[PDB]
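*Asks:* this one's a deposited entry, sequence included:
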Amino acid sequence: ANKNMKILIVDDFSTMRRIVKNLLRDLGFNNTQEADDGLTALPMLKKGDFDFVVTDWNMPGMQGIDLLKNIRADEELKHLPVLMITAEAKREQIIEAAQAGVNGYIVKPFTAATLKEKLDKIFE
Ligand code: BEF
Ligand SMILES: [Mg+2]
């Protein structure tokens, strides 16, 4: 588990990207960059050579679910682990993200404790 892997934090809420960034720093990860919607994340992922994606769901531009499908439906981006963070706690929606290929999930609000937990869970 590289602690200097390039990570993209996607969320329409700036403060949330901010919180995620610091929790990640707390766990020994400071190579984070941001995108405020799935529409701005894609082009970044398209040439940024990121290693990990943490994405919100509910986003006006391109919903987090659609972003993961684009990442998956893309031969150069389909190995990217994706942790979905979001308020949508409905099982039917978690299922949907699972079928779409997400690697992990985590419901807002969460702590550094819970985050690290999820991260380790993901690396496979
Ligand atoms: F905006 Be995410 F669905 F919390
Ligand atoms: Mg949102």
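*Replies:* Happy to help now that I have it. Residues are numbered from 1 along each chain as shown. Ligands and ions are numbered 1, 2, ... in the order given.
*Asks:* and the helices in this protein?
*Replies:* 14-26, 38-48, 64-72, 91-99, 112-122 (DSSP state H).
*Asks:* let me see the contact set for the residue of the chain found nearest ligand 1.
*Replies:* Nearest residue of the chain to ligand 1, counting by C-beta to the nearest ligand atom: residue 58, 3.1 Å away. Using the backbone N, CA and C atoms, a C-beta is placed for each residue, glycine as well. If you count contacts by C-beta atoms under 8 Å, 6 or more residues apart in numbering, residue 58 has them with 12, 64, 86, 87, 88.
*Asks:* please redo it, this time with the cut-off set to 10 Å
*Replies:* 11, 12, 13, 64, 65, 86, 87, 88 (C-beta atoms under 10 Å, 6 or more residues apart in numbering).
*Asks:* can stretch 103-122 be said to contact ligand 1?
*Replies:* Yes - contact of stretch 103-122 with ligand 1 (C-beta under 6 Å from any ligand atom) involves residue 108.
*Asks:* for that stretch, which positions count as buried?
*Replies:* 103, 104, 105, 106, 108, 115, 116, 118, 119, 122 (16 or more other C-beta atoms under 10 Å).
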